[PDB]
Amino acid sequence: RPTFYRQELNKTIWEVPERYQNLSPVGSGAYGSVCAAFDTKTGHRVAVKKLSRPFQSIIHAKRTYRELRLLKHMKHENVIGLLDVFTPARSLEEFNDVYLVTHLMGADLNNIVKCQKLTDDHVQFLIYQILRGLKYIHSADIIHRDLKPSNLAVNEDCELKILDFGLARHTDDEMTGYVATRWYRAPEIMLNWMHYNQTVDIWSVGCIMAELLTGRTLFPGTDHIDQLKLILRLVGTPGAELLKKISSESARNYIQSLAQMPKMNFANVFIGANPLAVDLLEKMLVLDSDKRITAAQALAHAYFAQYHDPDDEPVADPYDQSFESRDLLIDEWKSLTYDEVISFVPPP
Ligand SMILES: Clc1ncnc2ccsc12
Ligand SMILES: [Cl-]
Ligand SMILES: [Cl-]
Ligand SMILES: [Cl-]
Ligand SMILES: [Cl-]
Ligand SMILES: [Cl-]
Ligand SMILES: [Mg+2]
């Protein structure tokens, strides 16, 4: 067991191993209560997250367990990983607090899209890295569900990592009105059309790729219905085949109230873009999720010929998510979480 020391960080008591020094608050609270520190064992600048009220309800205890399981699994160059997890508790009986340690992220994609001039070469390398990380995530039967520029960390060398695993499901209020939290969402999940699957993430990558090419949000809707109208004007209204797959009768009735529209010519929308970029966007932004390109298929597209290496695009170890359908008490979720804290092995 390391030695711990205590300090008050803006009306919060932090108790952490001596290896972590020079703690100071960071971020806009998007990933929880997070400080920056220097890790003296590894020489890296790190983010230390202290969870708020991790065991206060069954819902919160299960969310804590879910976040720790997901972060312990993810071992890939293009995905956030866990550097450490600790508790000052010396037994299950005194366990209350959980702390997670990751690499400190400086800038996200929004900063570079907003403030930098990007070459077709920059767009190739950024989207190649997102798809490489997604091929890995999807091989474990994990759906990200929230890919957007603020969840993509980017460094000076244009190297990228994917963020946001096992945090609270987004509320209907967070999704209301003129908000970036909805602009990257696939239509079948935005409007609850049907049981969704991993194909939702490829819609999101299409929306991100279009914005890197134009410097503008692709579907900046003022509300759910305005955003659906922007989507159908580009990709066309649904045919009988997709309408059959909308399980919700009222959602089917609403769609049929709209005048039919054809798919637009993407070369006249993305004026001057690399024809290979236009071709890939047409294969991602397909209304029927069964027909969209997969991450593994997209890596082999000619747009990525300069970066694609099929011997260096790895898949994940198997991920057991059977706990997700399990009904347990608060103390049972707390015991499962304690075992995952004490069994952690740090990366090489
Ligand atoms: Cl990205 C992400 N998802 C869930 N928890 C954390 C803690 C630090 S970064 C992070
Ligand atoms: Cl230490
Ligand atoms: Cl990492
Ligand atoms: Cl504790
Ligand atoms: Cl964003
Ligand atoms: Cl597993
Ligand atoms: Mg999110």
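Residue numbers count from 1 along this sequence. As the structure lists them, so they are numbered: ligands from 1, and atoms in each ligand from 1.
- Counted within 6.0 Å of CD on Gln260, heavy atoms from surrounding residues, nucleotides or ligands total 12 or fewer; the atom is thus considered open.
- Protein residues having a heavy atom under 4.0 Å from any atom of ligand 1 are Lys49, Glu67, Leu71, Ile80, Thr102, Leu163, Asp164, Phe165, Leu167, listed by chain and number.
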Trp14 and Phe4: ring pair (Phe, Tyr, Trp, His ring centres under 6.0 Å), yes or no, with the steps? CA-CA 10 Å; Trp14 289 55; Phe4 288 72; over 10 Å; no
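- Applying the ring pair (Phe, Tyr, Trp, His ring centres under 6.0 Å) rule to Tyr136 yields the partners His76; only residues at least two apart in sequence or on another chain are considered.
- Salt-bridge check for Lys148 with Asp164: failed, with every basic side-chain N at 4.0 Å or more from each acidic carboxylate O.
- Take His301 and apply the side-chain hydrogen bond (donor to acceptor under 3.5 Å, both in side chains) test, not counting sequence neighbours, and it matches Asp279.
- Taking the salt bridge (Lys or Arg N to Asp or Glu O under 4.0 Å) definition, one finds that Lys49 meets it with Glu67, sequence neighbours left out.
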